[PDB]
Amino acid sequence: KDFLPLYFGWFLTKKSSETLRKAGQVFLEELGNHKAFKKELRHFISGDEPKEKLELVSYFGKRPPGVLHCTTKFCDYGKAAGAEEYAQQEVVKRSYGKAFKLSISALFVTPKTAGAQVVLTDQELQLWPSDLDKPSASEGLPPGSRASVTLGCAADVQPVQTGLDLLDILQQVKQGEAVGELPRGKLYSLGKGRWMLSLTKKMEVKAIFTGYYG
């Protein structure tokens, strides 16, 4: 009669998390100042905003307060569908507490979330859930495409939206030239307020697989 974690995932170390967090911040500051982005503001925000400049760091005001993480399976202590099934797996139990490296291939921004795209290894993909209830946007994409790290959310958006935004982006990119060059890579405008920075060099972040309890 033991209950599960709120969710399973890879939790970044202090050092790796700050490295990614900082890169995310720089991206928001650079994107917000980029002429291509400014030009499309009316596709990013939809209201009485002045033509003046939008600071994305402020826009994505809801940020993780501490270390960052890549969620694998949200369990809600066993109440989520597929939770018990996921937790019972040998590979989950065996991997519990193990160290991993996550490959970050891109940073992205939408009107709802700012995040980082994670490219899971085959070993890490074994820890990705295979549920009966799937996000419709995951269909047609490689397993684990949803893998991401939440860097920030718009005021009325929940962190879960980040992975869903990535799936939408990946559905979209499944490409035209980049519309800009930032120091860390090429900048793509995917439309509908969506932006992806494709990192010239993938970031590697160290993380531990474990379970979070609220």
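The first residue of the shown sequence is 1; numbering continues from there.
**Student:** For the step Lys174 to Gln175, what size class fits the number of deposited residues with no coordinates, none, 1 to 3, 4 to 9, or 10 or more?
**Tutor:** 1 to 3 residues lack coordinates between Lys174 and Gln175.
**Student:** Between 48-56 and 24-32, point out the one with the higher average CA B-factor as the PDB entry records it.
**Tutor:** Per the deposited B-factors, the answer is 48-56.
**Student:** State which stretch shows the higher mean Cα B factor in the entry: 145-153 or 184-192.
**Tutor:** Of 184-192 and 145-153, the stretch with the higher C-alpha B-factor average is 184-192.
**Student:** For the CA B factor values reported in this entry, which option in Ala137, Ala99, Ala80, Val109 has the top one?
**Tutor:** Each of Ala137, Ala99, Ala80, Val109 was compared by C-alpha B-factor; the highest is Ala137.
**Student:** From the list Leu127, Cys75, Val118, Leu132, select the residue with the highest C-alpha B factor recorded in the entry.
**Tutor:** Each of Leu127, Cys75, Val118, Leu132 was compared by C-alpha B-factor; the highest is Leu132.
**Student:** Tell me, lowest, middle or highest third: where does the Cα B factor of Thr113 rank within its chain?
**Tutor:** For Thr113, whose C-alpha B-factor we compare with every modelled residue in the chain, the answer is the lowest third.
**Student:** Where does the C-alpha B-factor of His43 rank in its chain, lowest, middle or highest third?
**Tutor:** It falls in the top third of the chain.
**Student:** Looking at the C-alpha B-factor of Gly61, is it in the lowest, middle or highest third of its chain?
**Tutor:** Tercile = middle for this residue's CA B-factor.
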